[PDB]
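Residue numbers (the numbering used here), protein chains in the order written: chain A, 4 to 53; chain B, 148 to 294; chain C, 2 to 223; chain D, 180 to 501. Here a beta-carbon is modelled for each residue, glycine too, at the ideal position from N, C-alpha and C.
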Amino acid sequence: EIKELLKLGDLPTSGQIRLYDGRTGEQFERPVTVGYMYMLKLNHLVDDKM
Amino acid sequence: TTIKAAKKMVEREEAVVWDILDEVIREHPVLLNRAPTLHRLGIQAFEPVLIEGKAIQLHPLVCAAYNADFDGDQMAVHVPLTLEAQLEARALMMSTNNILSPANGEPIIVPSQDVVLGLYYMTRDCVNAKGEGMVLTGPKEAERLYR
Amino acid sequence: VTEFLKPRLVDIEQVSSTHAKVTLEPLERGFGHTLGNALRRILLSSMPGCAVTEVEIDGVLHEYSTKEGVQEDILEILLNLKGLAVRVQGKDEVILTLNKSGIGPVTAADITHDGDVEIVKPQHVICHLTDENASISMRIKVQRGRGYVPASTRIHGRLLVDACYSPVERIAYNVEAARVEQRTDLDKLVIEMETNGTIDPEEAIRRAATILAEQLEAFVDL
Amino acid sequence: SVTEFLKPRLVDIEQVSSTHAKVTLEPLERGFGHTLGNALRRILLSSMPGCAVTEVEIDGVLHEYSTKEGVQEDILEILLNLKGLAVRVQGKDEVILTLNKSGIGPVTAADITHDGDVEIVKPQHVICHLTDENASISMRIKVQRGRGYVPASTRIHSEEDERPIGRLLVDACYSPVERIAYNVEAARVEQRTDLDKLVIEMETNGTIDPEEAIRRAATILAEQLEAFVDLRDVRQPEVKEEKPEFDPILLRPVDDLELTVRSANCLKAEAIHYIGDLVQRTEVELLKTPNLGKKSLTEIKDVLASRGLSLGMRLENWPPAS
Ligand SMILES: [Mg+2]
């Protein structure tokens, strides 16, 4: 079903897209995996430690 | 020339204080310490450098030495101040003098991960890849070719 | 203010007189990588020079043999010539001959000279020789091109070779931190280049700078 | 011929919308395609002169964490939206805009009091929602020009900026470019092949114009390249300096000290315009002035002497330059 959904969008089924380093400007081989992951932030931020 | 004015200046952070500090720690070693110091390596020495933020950067291999993951693991710092102590820390507990673990004479500084992958991918052999069959006049030549 | 920070370099180290290590400081927070990358991509590929591209040994018309007269299989001689740098002025193409009799090893000093061309390192050991009676006869056609031109795509009898027109043997660049009086950090650039000995490294750097400025010319307005 | 190749130029500024723009540079010999493409992308994303909002102040607010009876969004959301605003200014390098609204409605960009030089790029940008009937919002907005990006607390210069509690400090995030893609393709040129037509597509705030941004970035790159187009041993360090000892106050006039204008005209009428020539003004050479009481003399002694100097010292350094 995830494949079907990606297919509904115009995105490749493999969930892997070629890239281009902003430093070099060239491409990477081995198409990397990129998506939209959820990310939290814990109340361990450095201001309370350093 | 007065300690009071010195406190004022260090409180105002005039760039003079910045390059003065840069000079004053140019060779001044310091001690990074994991929280539970299991074995002798738990405390080591380094020549510090100035960065931004509030974090403590450190070389990866030695973080594998401490068994120091980057899951938020806090480390303590310790400046040795008397001259004998500083020279000591440079002589004994500086990381570059502890590569063989005192437990077993095996090398404690081993490239653990995210670097071994790099090399292993590099030193591999795809059968028919672009450029197979040429002859190269030296490693620098092939490097230029690949770049 | 839209007025940037131009660097104030500190060192141009010239170890070995052909392998230089220039440093620049400081650059903008991201300019280090961009300048290093542009300069590397230009110097490696787009850098007019001169090299040898065609070879013919009047006995071995083949991509492979074991030619008596030396202790070097033909491929080794071709790879050794592939590095034989040579500087040609306003001439655009020339063939050279290498009739050197005797016993010892073939060096570039034996190359039959021309009026315009010049050999950079005549001491370049082309190939050794059988202990007796070998005058290896070869003609070498050199050219003046852009950069690397591999012999594979050169196919469009004879004996080709992977030309290397660019005068840089290798180039790398590393961007480290660089503090300004209170400013957090900036890019300190370190360009290490080893050249083909036909031109000094700093010459090559300024050549690439000029070539990129000429590229840009039709945009800037000052 | 085969060396010393040709050079590119900008042949189109096709804009598929008011924001998404496309430019086409051609021709590029070889490899210059990707090289120039990536370099220009880096320059563009890095530094382009933007003009986003940097400071705001509303009437009822005492701190960005407050509320205001009548507006739907909280103050912090108004700050975020304001940061989201996009505007261009032309002549000056900063300006103070004003927005006054009253009554129910979505308070948007165009409803501000624009001047002659400031120019909003898109009107329907929603700032807030006045939901109560007789709700009123009157705010002042300092919009400045700069380079790159800068957070809020890093802008601290003195304590007078924070003196008015109504001061609110939105972190300026001005960079007219939002995304910059590029790619090369084979250009069917007059007579050659593998000449690369480079295409650069840019999604921007409608603040910067495509060719404008391209030429600004190209100027930046060419200048920064010129720094070592003729690299050398230009190394900076030097020693044994001989400095003009006089303090820069002496070059400056009286009005560079925050003095009363009355005493200013007084020292005018007693032959004092510089400051290096009022220190060459004896103490008897001051109070003779027409109508010095103590107040004008208070300013004199305060901003001339009491800040460190004397009310006239027999100095012999000035003039070292005048
Ligand atoms: Mg841990």
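Near residue i, which residues of its chain fall below 7 Å by C-beta distance, leaving aside the five closest residues on each side in sequence?
| i | result |
| --- | --- |
| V56 of chain C | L79, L82, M139, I141, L160 and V162 |
| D59 of chain C | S138 |
| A289 of chain B | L283 |
| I75 of chain C | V61, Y65, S66 and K68 |
| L436 of chain D | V482 and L483 |
| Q260 of chain B | none |
| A178 of chain C | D186 and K189 |
How is the alpha helix (DSSP H) around residue i delimited, first residue to last?
| i | result |
| --- | --- |
| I222 of chain D | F211 to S225 |
| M269 of chain B | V263 to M269 |
| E402 of chain D | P389 to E405 |
| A365 of chain D | Note, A365 of chain D: premise wrong, no alpha helix (DSSP H); beta strand (DSSP E) at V356 to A365. |
| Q233 of chain B | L230 to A238 |
| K6 of chain A | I5 to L11 |
| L79 of chain C | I75 to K83 |
| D24 of chain A | That residue, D24 of chain A, is in no alpha helix (DSSP H); it is neither H nor E in DSSP. |
| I167 of chain B | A162 to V171 |
| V126 of chain C | Looking at the DSSP string, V126 of chain C is not in any alpha helix (DSSP H); the run it does join, the beta strand (DSSP E), is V126 to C128. |
| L476 of chain D | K474 to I479 |
| residue 1 of chain C | This structure cannot settle anything about residue 1 of chain C, because the visible part of chain C is limited to 2 through 223. |
| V440 of chain D | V440 to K447 |
| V463 of chain D | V463 to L466 |
Does the beta-carbon of residue i, which I'm using as the reference point, lie nearer than 7 Å to any heavy atom of ligand 1?
| i | result |
| --- | --- |
| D340 of chain D | no |
| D191 of chain D | no |
| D222 of chain C | no |
| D216 of chain B | yes |
| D220 of chain B | yes |
Residue i: buried (16+ other C-beta within 10 angstroms of its C-beta) or exposed?
| i | result |
| --- | --- |
| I198 of chain B | exposed |
| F31 of chain A | exposed |
| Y293 of chain B | exposed |
| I5 of chain A | exposed |
| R271 of chain B | exposed |
| residue 227 of chain C | The structure shown does not extend to residue 227 of chain C, since chain C is modelled only from 2 to 223, so the question has no answer here. |
| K101 of chain C | buried |
| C128 of chain C | buried |
| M53 of chain A | exposed |
| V16 of chain C | exposed |
| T54 of chain C | buried |
Going by Cα to Cα distance, which pick from the options is closest to residue i?
| i | options | result |
| --- | --- | --- |
| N214 of chain B | B:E160, B:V163, B:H186 and B:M281 | B:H186 |
| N197 of chain C | C:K189, C:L85, C:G33 and C:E177 | C:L85 |
| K277 of chain B | C:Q90, C:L6 and C:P151 | C:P151 |
| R493 of chain D | D:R460, D:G487, D:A288 and D:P499 | D:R460 |
| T372 of chain D | D:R209, D:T182 and D:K280 | D:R209 |
| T468 of chain D | D:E478, D:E449, D:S475 and D:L483 | D:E449 |
| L429 of chain D | D:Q194, D:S225, D:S501 and D:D340 | D:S501 |
| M40 of chain A | A:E7, A:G18 and A:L11 | A:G18 |
| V363 of chain D | D:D311, D:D375, D:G327 and D:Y353 | D:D375 |
| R395 of chain D | D:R367, D:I335 and D:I222 | D:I222 |
| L10 of chain C | D:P416, D:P427 and D:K447 | D:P416 |
Tell me which residues share the same chain as residue i and place their Cβ nearer than 8 Å to its Cβ, disregarding the 5 neighbours each side in the sequence.
| i | result |
| --- | --- |
| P8 of chain C | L25, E26, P27, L28 and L190 |
| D191 of chain D | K201, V202 and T203 |
| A250 of chain B | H186 |
| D50 of chain A | none |
| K480 of chain D | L490 |
| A289 of chain D | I299, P302 and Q303 |
| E312 of chain D | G282 and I283 |
| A443 of chain D | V433 and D434 |
If I follow the unbroken beta strand (DSSP E) through residue i, where does it start and stop?
| i | result |
| --- | --- |
| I104 of chain C | Element bounds for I104 of chain C: n/a, residue is neither H nor E. |
| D375 of chain D | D375 to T383 |
| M156 of chain B | Not the beta strand (DSSP E): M156 of chain B falls in the alpha helix (DSSP H), residues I150 to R159. |
| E236 of chain D | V232 to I237 |
| residue 543 of chain D | Only positions 180 to 501 of chain D appear in this structure, which leaves residue 543 of chain D out of reach. |
| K321 of chain D | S315 to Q323 |
| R188 of chain D | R188 to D191 |
| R181 of chain B | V177 to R181 |
| residue 1 of chain C | Outside the shown range of chain C (2 to 223) lies residue 1 of chain C, about which nothing can therefore be said. |
Between which residues of its own chain and residue i is the CB-CB distance below 6 Å, once the five residues before and five after are set aside?
| i | result |
| --- | --- |
| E94 of chain C | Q144 |
| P227 of chain B | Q233 and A236 |
Is it the case that the CB of residue i approaches a heavy atom of ligand 3 more closely than 7 Å?
| i | result |
| --- | --- |
| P343 of chain D | Judged by which ligands are present, ligand 3 is missing from the structure shown, whose ligands are ligand 1. |
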